[PDB]
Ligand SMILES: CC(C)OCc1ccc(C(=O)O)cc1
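In structure tokens, one chain follows: the form solved without the named molecule.
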């Protein structure tokens, strides 16, 4: 189990770790988060008490270094940093644990929620979507726009998701216009899976990462990307049987985890109604359709 120590908590902030969150008061003796499960990516995110605008946070993997948080009073945010002196870091952490000034990552033993949300998410792929190569961790916030959004303005601070556009020369073979537009299998399997992503694990990883940025930061272009990657599968007549089964599981846990009160904005009525009731794969998402109909029957 790993640890993300905090230098201090100078400003009142709600701190999130994965799907957990807790309130820290201004100048409360908080010095970080312990017992973080190794083997998964994680995200630690922040919303200031004073300005609910700008949720922001850091994707990280504790196997890739020793990381800590320290407030910056000039830039006004909790920053993630790497400590390269490992003896210094162990000593700092051990002191903070002895004085019990850390919250414990509160994973219930029965609980596979985080695993199921991050199954295919790799830190190495995150870092290609979020370009900031000097750091091992990746910053995201509410306002970051996607590469495709900028096509329709600062490139260094963009989310470089894979561009998907159903009315593009990439999606549509000359001579197969009606075929390729009504049955996107060519685009999914040849262009995207074989051409760009290489395998469905990398595809599902981007999809899961887009959902999580949408949910934790209300990042609107992430939500667009999540829905686009769902729709491309559902609108393909020919999808590997194992991909459909795994998609159903993926979506099931995203819908289960979504806050009930955020459904109105984070869920696109047209994509979901199409995918569950009209698409080629309308009969292939049994778990997702059952939880959708029992939790958000209004959207449908």
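Numbering follows the first chain given and starts at 1. Shifts are known only where both forms have a C-alpha. The term rigid core refers to the most C-alpha atoms you can superpose between the two forms while keeping them within 1.5 Å.
The deposited sequence places 4 to 9 unmodelled residues between residue 152 and residue 153. Look at the C-alpha B-factors of 204 to 212 and of 122 to 130. On average they run higher in 122 to 130. In this crystal structure, the stretch out of 247 to 255 and 261 to 269 whose C-alpha atoms carry the higher mean B factor is 261 to 269.
Comparing the listed residues 225, 116, 185, 104, the entry records the largest Cα B-factor for 104. Annotation for residue 96: CA B-factor lies in the highest third of the chain's modelled residues.
Looking at the C-alpha B-factors along this chain, the one for residue 50 belongs to the highest third.
In the deposited entry, the Cα temperature factor of residue 196 places it in the highest third of its chain's modelled residues.
In the deposited entry, the Cα temperature factor of residue 28 sits in the top third of values across the chain's modelled residues. Sort the modelled residues of the chain by CA B factor and residue 169 lands in the middle third.
What follows is about the form solved in complex with the named molecule, which we do not show.
Backbone and C-beta atoms of the displayed form are kept clear of the named molecule by more than 2.4 Å after its pose in the entry with it bound is superimposed, which defines the site as open.
Contact check for residue 42: every heavy atom lies farther than 4.5 Å from the named molecule in the entry with it bound. At the 4.5 Å threshold, heavy atoms of residue 102 reach the named molecule in the entry with it bound.
In the entry with it bound, residue 191 stays away from the named molecule, with no heavy atom inside 4.5 Å. Within 4.5 Å of any heavy atom of the named molecule in the entry with it bound lies no heavy atom of residue 183. In the entry with it bound, the named molecule lies within 4.5 angstroms of a heavy atom of only one residue of 11 to 40, namely 31. The protein segment that moves between this form and the one not shown, counted as a run of at least three consecutive residues with every Cα displaced by 2 Å or more relative to the fitted core, is 96 to 99 alone.
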